[PDB]
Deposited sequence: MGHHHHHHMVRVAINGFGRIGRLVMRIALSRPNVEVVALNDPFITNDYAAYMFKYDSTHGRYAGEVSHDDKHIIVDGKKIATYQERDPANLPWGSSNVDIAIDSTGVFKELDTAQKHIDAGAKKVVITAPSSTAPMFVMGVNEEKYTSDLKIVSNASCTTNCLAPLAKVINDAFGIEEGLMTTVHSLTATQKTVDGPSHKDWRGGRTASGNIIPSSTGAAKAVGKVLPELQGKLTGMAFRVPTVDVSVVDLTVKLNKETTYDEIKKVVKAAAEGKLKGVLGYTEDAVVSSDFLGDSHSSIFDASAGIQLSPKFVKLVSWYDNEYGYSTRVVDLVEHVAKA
């Protein structure tokens, strides 16, 4: 599968690291009008949290070069100008977060790509979360969104819990890290991040309603942003339809993690802390020891996620899936 990446922020760079390692995915091109090839190579080589790339990185006037593989580079403000038809780009991965609707992501189709994968939530493109609703994709949909990293953490765990015990209602808190610098629409967010706990909204709990229609209207929540490494944790307080015990929840989650959700949902019982998940490619790692059940239908469930790395692995997953179709 021949892919091109638009945008070389955190996500585009990690999607590229992962796609270089996928045997059936070939990275053909990169586009980003705001950086030069030498900065792109620097940014790709170094990462404060996910380590130096274990391989050789350089560049020339027309490529970024990774372990010898030359990857053509472009600087187009308008993706309609990119040579995707000429380059034979099967799937364009858009990680700019600005061409994230059906009419704007269309530009990659116009430029010659067969399909587009938006690495950001979308109001108009269909949204897919691996292990939740990817079986619902059909090969006539040409533009799709991988939702958000918090949605990717919550939705697999919510699906498992709802399938086994039913969710009547749930309230979610995410203790959310500073990913990168991501302030006149959000006053709390313009305060110094570095020493503060900063409450914030989130649409993650409601976007689960898109990929799990049966949970529509049954979840909401909020976030506390903290100044830690790029690993966050979801704190899900659910009212259940059916009585259960915490050991039963553990077995159900563990079975899904070892079975149908292998590689997407993880499971631990160790005395973990957030930095133990830097680089973890799961969407959601259930922390069995951190959760707590009060009564047979009322439980707090806890799940970790590297908010860049698991998401970016799911992106390349969705790319292969959309291609396998």
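- According to the record, the deposited residues with no C-alpha atom in the structure span 1-9, 192-197.
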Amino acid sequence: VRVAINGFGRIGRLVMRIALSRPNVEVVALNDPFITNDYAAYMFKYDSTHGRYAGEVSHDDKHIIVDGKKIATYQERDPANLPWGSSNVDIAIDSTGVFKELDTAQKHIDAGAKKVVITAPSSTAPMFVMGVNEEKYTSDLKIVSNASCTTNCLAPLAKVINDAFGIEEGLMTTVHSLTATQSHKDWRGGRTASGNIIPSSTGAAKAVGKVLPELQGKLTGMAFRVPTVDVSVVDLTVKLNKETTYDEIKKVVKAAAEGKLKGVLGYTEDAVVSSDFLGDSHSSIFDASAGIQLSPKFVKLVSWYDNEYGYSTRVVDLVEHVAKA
From here on, numbers count along this sequence of modelled residues.
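Only the largest set of C-alpha atoms that superpose within 1.5 Å between the two forms is called the rigid core.
- Root mean square Cα distance to the shown form, taken over structures and residues in 4 other deposited structures of this protein after a core fit, is higher for 172-180 when 172-180 and 90-98 are compared.
- With every structure aligned by its rigid core, 222-230 is the stretch of 222-230 and 155-163 whose CA positions lie farther away in 4 other deposited structures of this protein.
- Of the two stretches examined, 251-259 and 96-104, the record assigns the greater average C-alpha temperature factor to 96-104.
- The mean C-alpha temperature factor is higher for 29-37 when 273-281 and 29-37 are set side by side.
- When the C-alpha B factors of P79, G221, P199, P227 are read from the deposited coordinates, the top value falls at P79.
- Between the residues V231, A158, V238, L141, the entry's highest C-alpha temperature factor is the one at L141.
- When the CA B factors of the chain's modelled residues are split into thirds, the value for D60 lands in the middle one.
- Among all modelled residues in this chain, the alpha-carbon of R314 has a temperature factor (C-alpha) in the lowest third.
- Among all modelled residues in its chain, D287 ranks in the lowest third by Cα B-factor.
- When the CA B factors of the chain's modelled residues are split into thirds, the value for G12 lands in the lowest one.
- When the modelled residues of the chain are ordered by C-alpha B-factor, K115 sits in the highest third.
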